[PDB]
């Protein structure tokens, strides 16, 4: 690991000829390894098999998500992958199953082989595969709902002219999904009573967020580690969790404190 | 429930059995005599038959009816076989166009045994030792061979195992088989190039393996049928002759039985001095009615064996030049075999190579296992993966259209600050493949250089330009090289914070 040339010419132009197979060589390898038994399996096995469907994405909303890696999947948005970019977190469990059954026949790898598509779409299929078990788990979906920054609507811009109930309108439901407390007080209108305003901001001042950050773990405990290495990762992973918990809580406090003055 | 499947490493000097327990780990099956690496020897005392180190005991007493080193005579006729290798054991004769052996059973009757008969009855109790430990019958096994056995030998091993009822379901090469258990116990943090070293008693095997995303491939292999632990043993045989003839004025070389018991007691010191600093020898009735007592340390042993050990490091050097590599490039040297237990052979390899090569051996604090065992434990790992498969699926997985992956001969990568070449996707890489490099400290505007690379005896020289990409005002970037099944090189450069990504295509 070393430094970069860091040049200011900044060209994005390919200048050479097309990629030939003259630096490509083709002697066989030995049938050994767990990754031999999967690399063969893609060309051996390749196993793959209403009002609610009107809420889905008809076409893939993120076209760049198709080319994204199966290994780099944590930065990938699974709701755009599942076809739930409109609803995201509020989709039901049976809706995820029906969305999974739609996308399995649209991007069938044998049909992708029938349509002449490359194996890069099969890398997007491994996104489609493990999104299902992540979103049917009560914990893992809620962990993915805890990091959904796309659904995180920002507060409106300072210095602009806007209606207070219309611009801060959709804002406070973005954290109301993180409320541990039920019922959810509403913002109301201009004719709201003073007691309802006091019952509003006390709910937001004593707010209870269940948002966790295990999905933001860059280092995960491997099973090949020894006993101290699984402990060493965990204290670092907790250190990421509480820092992002407190900073977002302070952000939520600043979300509380800005709405008082405005 | 299907039949249990076990791994077989069949060797010149030792054979070992591995089996995957219901706890999903490797367990070594031992013999009834308690020794894990069962020796490859058969001795007949009348009608009775002995195997293992028990059969090696009658070699000093009944050498004409004790067989040894019968791996290199299988599948090929006698004229291509060196008879003087088993000149200490039973004579090898001409039987049915292949190699056979003359034995003596009870009452002096002569039976003429084929080498095909030898492997079957050797695997008869390799079957028995495995099924007694596990408690259930075995019918199939994965057999590890050196890569210089051709297909006509593999059918003969398949036929001779079918004489007793063993189905050799797959053949795998020993450098490929031994490395997998090291990779399972100690996975590599990066894709590396490694050398498997199999130093047996009578032959030495070295092969260069590129570890590329879990795919194990041959660059070049080397074999020496004359370099091995026998040369370690025979050097001590003339050594123990030296103090014996000066002290007691007798020649132990001129008697075959005296030389055999000297060869037998010298064979123990190769194992004994691998763990201790000294070893002692007490032989009753060596030659001319004389006993012998002496103690031999490590250092005088290493002073004796420095000629042979230099040849062992020279055998490492030739297989690197055969694949045309530089020992700076190679990442590790993996060791297997009973010779690899010797700590002198460990120390020669950091001296004759750069310090960046980590020698994987018994002395290693971070990645060590048993060199006599590491071949068989990889075979059980391949046995567990294929245990879900019928014969039709695995034979279709064995097809040359599938087992042949195209690779990439000339490596690609990133250009450095001083124009040096930093490879991302290295040499010898199969495709499709995608790798991620996190340039977290990258601040400002960057030009990303994608070039082919040329390697010479080692610094990387910048070669043919592939593409160029640039990022503006970036604060942390990731560089991704993506190659599909069609050989098209696509490069993705993504800003780590803003998400601004520039894509290059070729």
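Numbers and lists here come from the model and the stated rules, or from a named source; no laboratory read-out is quoted. Backbone-built Cβ (ideal geometry, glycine too); neighbour counts: all protein chains shown.
Data overview
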item: Unmet criterion (only one of (1) facing chain A (nearest Cβ under 8 Å); (2) crowded, with 22+ Cβ neighbours inside 10 Å; (3) farther than 21 Å from residue A:119 by Cβ) for residue B:493; result: (1)
item: The range B:160-178 - residue that is touching a helix residue (DSSP H, G or I) at 6+ places or on another chain (Cβ under 7 Å) and not in a strand (DSSP E or B) and, of those, surrounded by the most Cβ atoms within 10 Å (Cβ to Cβ); result: B:178
item: Failed criterion for residue B:387 (all others in (1) out of contact with any strand residue (DSSP E or B) (no Cβ under 6 Å at 6 or more places or on another chain); (2) surrounded by fewer than 21 Cβ atoms within 10 Å (Cβ to Cβ); (3) not assigned by TED's automatic domain parsing to the domain that holds residue B:209 hold); result: (1)
item: Hits in the range B:419-434 - residues which are within 9 Å of chain A (Cβ to nearest Cβ), within 26 Å of the chain's Cα centre (by Cα) and farther than 20 Å from residue A:71 by Cβ; result: B:428
item: Any hit, the range A:178-192, residues being part of a helix (DSSP H, G or I), assigned by TED's automatic domain parsing to the domain that holds residue A:232, farther than 30 Å from residue A:236 by Cα and out of contact with any helix residue (DSSP H, G or I) (no Cβ under 6 Å at 6 or more places or on another chain); result: no
item: Subset tally (residues that are more than 7 Å from chain B (Cβ to nearest Cβ) and closer than 19 Å to residue B:407 by Cβ) for the range A:1-26; result: 2
item: Breaking point among (1) within 18 Å of the chain's Cα centre (by Cα); (2) surrounded by 14 or more Cβ atoms within 10 Å (Cβ to Cβ), for residue A:63; result: (2)
item: Residue pairs meeting the criteria (Cβ under 7 Å; at least 6 apart or on separate chains; first within 15 Å of residue B:464 (Cα to Cα), in the range A:1-22; second assigned to a loop (DSSP other than H, G, I, E, B)); result: A:14/B:506; A:18/B:506; A:19/B:487; A:19/B:488; A:19/B:506; A:21/B:487
item: Unique residue being more than 14 Å from chain B (Cβ to nearest Cβ), surrounded by 15 or more Cβ atoms within 10 Å (Cβ to Cβ) and outside any loop (DSSP other than H, G, I, E, B) when the list is A:111, A:140, A:130; result: A:140
item: Filter pass, residue A:98 being surrounded by fewer than 19 Cβ atoms within 10 Å (Cβ to Cβ), farther than 30 Å from residue B:483 by Cα and over 12 Å from the mean Cα position of the chain (by Cα); result: yes
item: Test for residue A:122: is it crowded, with 18+ Cβ neighbours inside 10 Å, within 14 Å of chain B (Cβ to nearest Cβ) and not in a helix (DSSP H, G or I); result: no
item: From the options B:268, B:281, B:202, residue that is part of a loop (DSSP other than H, G, I, E, B) and farther than 30 Å from residue B:435 by Cα; result: B:202
item: Filtered residues of the range A:27-64 (kept if away from chain B (no Cβ under 12 Å) and outside any loop (DSSP other than H, G, I, E, B)); result: A:52, A:53, A:54, A:55
item: Residue in the range A:71-87 that is surrounded by 15 or more Cβ atoms within 10 Å (Cβ to Cβ), over 30 Å from residue B:445 (Cα atoms) and not assigned by TED's automatic domain parsing to the domain that holds residue A:123 present; result: no
item: Any hit, the range B:37-54, residues being within 20 Å of the chain's Cα centre (by Cα), surrounded by fewer than 19 Cβ atoms within 10 Å (Cβ to Cβ), closer than 18 Å to residue B:125 by Cα and not assigned by TED's automatic domain parsing to the domain that holds residue B:263; result: no
item: Number of the condition not met by residue B:188 [criteria: (1) within 24 Å of residue B:90 (Cβ to Cβ); (2) under 19 Å from the mean Cα position of the chain (by Cα); (3) surrounded by fewer than 19 Cβ atoms within 10 Å (Cβ to Cβ)]; result: (1)
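So that you can scan it fast, the table gives a plain yes or no per residue for (1) at the interface with chain A (Cβ under 7 Å from one of its Cβ atoms); (2) touching a helix residue (DSSP H, G or I) at 6+ places or on another chain (Cβ under 9 Å); (3) crowded, with 20+ Cβ neighbours inside 10 Å; (4) farther than 25 Å from residue A:218 by Cα:
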position	(1), (2), (3), (4)
B:409	yes, no, no, yes
B:417	yes, no, no, yes
B:436	yes, no, no, no
B:443	no, no, no, no
B:456	no, no, no, yes
B:459	no, no, no, yes
B:468	yes, no, yes, yes
B:471	no, no, yes, no
